[PDB]
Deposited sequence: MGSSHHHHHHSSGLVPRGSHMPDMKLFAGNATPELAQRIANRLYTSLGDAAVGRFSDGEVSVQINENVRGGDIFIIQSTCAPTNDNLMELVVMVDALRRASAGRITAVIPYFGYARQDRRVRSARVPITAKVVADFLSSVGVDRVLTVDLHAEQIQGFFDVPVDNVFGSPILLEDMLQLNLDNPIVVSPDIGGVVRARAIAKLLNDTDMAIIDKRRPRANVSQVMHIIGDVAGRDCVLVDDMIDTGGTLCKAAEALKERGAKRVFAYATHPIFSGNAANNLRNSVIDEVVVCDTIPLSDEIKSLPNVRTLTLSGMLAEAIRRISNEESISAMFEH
């Protein structure tokens, strides 16, 4: 039967998922030795079990990654029946290619190899930076989108003739998809050369959208440029709240009226102390995905 475990990356999210599945997070001791080496022991019988591990590979990335892979190795050596890595936010996803044959690692592929090597049978994740990461594995990878929940929220805002806009050139595809869903509305595009805005945003509510928010620098400069060109209100929507570096002060001194993110990464206390940062939960979506996977039901029929 089904068993859930969680590491130390997203335990609050993990509990929410467990509650919606009417079950609990099983007993695994996930900690550290004195020297900082990860320590894992599975304190339950998992023989022949259908195991799900809930763990984003978010900050601290390499520790949380190592927690996940050694949990998998422990479970596999303990004769787990099936092991699914539920990785709401998949870290290193941005390292997915070698532009101009630059001598960089393709770290997303490396992580996929690592997970495959320790015996992951399946991956469940939310809004991969690049969908092609599905092809970095042999095993099934289910990449569920956060947009159904983000959209539902955008709809409850009563936007005066909203235009959707991608903060940079690499997010245009995602912005367009959101524009389609938001009553087939217009899209603008920001092109840095100074930030040139391609599209008519004067007198309109603007929905800035991306897959993730990191330092918030580009997002903040974009929101400024939008209002410098006559935008009314500016909302920032993303799935993954990375919020590294000086993100909290960037958003606090920004022009953005509200920031809406999902809960694939926990928020720091500084970010929780901001009045205009709101959280939406994917616990319902992930719980349902988990249920369907456990019960051999179609996942296709949930997008």
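- Absence of C-alpha coordinates is noted for several segments of the deposited sequence, namely 1-22, 216-223, 334-335.
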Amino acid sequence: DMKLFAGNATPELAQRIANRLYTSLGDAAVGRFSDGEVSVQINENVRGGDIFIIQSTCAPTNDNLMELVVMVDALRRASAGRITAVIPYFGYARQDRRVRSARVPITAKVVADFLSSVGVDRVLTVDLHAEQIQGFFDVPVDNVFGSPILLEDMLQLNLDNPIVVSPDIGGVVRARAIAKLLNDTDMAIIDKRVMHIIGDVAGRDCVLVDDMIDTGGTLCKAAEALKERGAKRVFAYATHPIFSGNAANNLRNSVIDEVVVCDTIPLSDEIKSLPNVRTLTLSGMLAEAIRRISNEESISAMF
From here on, numbers count along this sequence of modelled residues.
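- The PDB entry records a higher mean C-alpha B factor for 291-299 than for its counterpart among 291-299 and 6-14.
- Mean CA temperature factor is higher for 157-165 when stretches 87-95 and 157-165 are set side by side in the entry.
- Of the residues listed, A80, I133, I190, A74, the entry assigns the biggest Cα temperature factor to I190.
- Going by the entry's values, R233 shows the largest Cα B-factor out of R233, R100, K109, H129.
- Split the chain's modelled residues into thirds by C-alpha temperature factor. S39 is in the lowest one.
- When the CA B factors of the chain's modelled residues are split into thirds, the value for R32 lands in the middle one.
- Ranked by C-alpha B-factor against the other modelled residues of its chain, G199 falls in the highest third.
- The deposited CA B-factor of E67 belongs to the lowest third of values across its chain.
- Split the chain's modelled residues into thirds by C-alpha temperature factor. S116 is in the lowest one.
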